[PDB]
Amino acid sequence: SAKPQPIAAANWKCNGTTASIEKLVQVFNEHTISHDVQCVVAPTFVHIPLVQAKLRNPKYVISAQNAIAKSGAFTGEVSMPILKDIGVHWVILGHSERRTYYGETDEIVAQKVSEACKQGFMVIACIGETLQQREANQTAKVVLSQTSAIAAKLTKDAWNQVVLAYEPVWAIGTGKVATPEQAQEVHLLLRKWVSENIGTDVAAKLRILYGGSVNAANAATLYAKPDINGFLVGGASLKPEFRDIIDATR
């Protein structure tokens, strides 16, 4: 077995001040990372320029938390060509909070992911089941339907730019992290589906991250499973223990 390159991604969500972000970024700068891992920080749109100016650790790239495909008459939104023009070419799409609060259905997410791939982004595409779907034994059907709705809009080559993040909705910000065994079963099920429907060569390379109440203590155990390639981290990524989350992908 050899895993692909791991990703440790910080989703700051709608949080931060200039003061608190300058301290955290200094913490990240001074942490020396000695293994091959892609680190990702996703600040709010307004903080992108501050983080670009301060972040110096060569293992990091900056991501946006959302975008729309095209520039134009969309008051309030930020487009993919605008992010590219300021030097951001990662984006998180179809996070649970957007699917729930802000009306992003599978079709909308799939369209965004496809456009992002056409425009050269690296995409972190989020999927996952609610507690009601999990109790109804629908987990597999839900995550596979969300995944093939995205697959439907993509070409084989575009899977090089795609990272999947499985985040059970009941684990996000609740403190109730999935067990390593729960997460591994889903990750294995996804990798298999990709290997059968897209290609074995695509499946071998695909990073599939776990997210939902990851912290510095439980990270190392989740990362020991064979189909977990790293993490999407909310709450714990606003703290200095994000360093030991990164170091748990060694």
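A residue's number is simply how far along the shown sequence it sits, counting from 1.
- Note on 89-97 vs 129-137: mean CA B-factor is higher in 129-137.
- Comparing the deposited coordinates for 185-193 and 59-67, the stretch with the larger average C-alpha B-factor is 185-193.
- Note on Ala151, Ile172, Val78, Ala116: the highest value goes to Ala151, judged by CA B factor as recorded.
- Note on the listed residues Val214, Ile208, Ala204, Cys39: the highest Cα temperature factor in the record is that of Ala204.
- Ranked against the other modelled residues of its chain, the C-alpha B-factor of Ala220 as given in the entry falls in the middle third.
- When the CA B factors of the chain's modelled residues are split into thirds, the value for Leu24 lands in the lowest one.
- When the CA B factors of the chain's modelled residues are split into thirds, the value for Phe74 lands in the middle one.
- Placement of the Cα temperature factor of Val51 within the chain: lowest third of the modelled residues, per the deposited record.
- In the deposited entry, the Cα temperature factor of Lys84 sits in the middle third of values across the chain's modelled residues.
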